[PDB]
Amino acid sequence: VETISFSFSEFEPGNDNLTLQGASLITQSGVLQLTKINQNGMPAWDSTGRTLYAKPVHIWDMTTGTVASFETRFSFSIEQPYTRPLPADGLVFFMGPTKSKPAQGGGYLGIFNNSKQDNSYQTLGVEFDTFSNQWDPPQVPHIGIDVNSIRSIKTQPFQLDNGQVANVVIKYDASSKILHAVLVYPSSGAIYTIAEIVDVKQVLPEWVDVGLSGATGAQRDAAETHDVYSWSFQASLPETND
């Protein structure tokens, strides 16, 4: 069994295990800020940030025909300082081609370029969407499972606990091909669950980069914070199949 795993109970500036892109920055207080926050202390608009684990992950193996199972957990908070103009755009956990660079910002969350369904993206993502785009269901925010498209194959609306910490657990079981995700708000006790069938060998390349990405709106003040406090991941790939 080829296994990989990392756990950041806190983030440290200078940690070479993480690759920061765009506006993503680690504060001295140990918080990962995906999108920029101006000196006046308010979130900046038109900001896109990502953080990738410095090493690629082996998710499936063509030779043996094995697919890995995996689980990731992280804590984040989104503070929407104003009700108007509408806040945007959200954050997303994703897996895609290695050596990837940020894609389009805004409603594309830094991981897509358009709203088309395209295999070439070879990207899987679990979004926490705060703005209702044209391809989106009317309810926001919502959790979404994205497969080679910003247009989700499935969504679950949830209520935002403004500025409160949210706990997320995403698990993928290779044998059943089920990707189940959960979001819990300790502050209010709210529990949200969402699941869908995802055949990662048909979607992702054998080796993938794993990361988090966030973005704020293109309109002035259409912004919010996207803070991550802790993040862990573990993947197990059976090396053989007899």
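In case it trips you up, residue 1 is the first one in the sequence shown, and so on.
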Legend entry - Stretch exceeding the other in mean C-alpha B-factor - 187-195, 31-39: 31-39
Legend entry - Higher-B stretch (mean Cα B-factor, as the entry records it), 41-49 or 170-178: 41-49
Inset, instruction - By the entry's C-alpha temperature factors, tell me which of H142, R73, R151, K101 sits highest. - result: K101
Legend entry - Peak C-alpha temperature factor (PDB record), options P205, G214, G211, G65: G65
Inset, instruction - Grab the CA temperature factor for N17 from the record and place it in the lowest, middle or highest third of its chain. - result: highest
Legend entry - CA B-factor ranking of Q122, expressed as a third of its chain: lowest
Inset, instruction - Report the third (lowest, middle or highest) to which the CA temperature factor of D221 belongs, ranking only the modelled residues of the same chain. - result: middle
Inset, instruction - Divide the modelled residues of the chain into thirds by Cα B-factor and specify which third, lowest, middle or highest, holds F128. - result: lowest
Legend entry - Where the record places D161 (Cα B-factor, split into thirds across the chain): highest
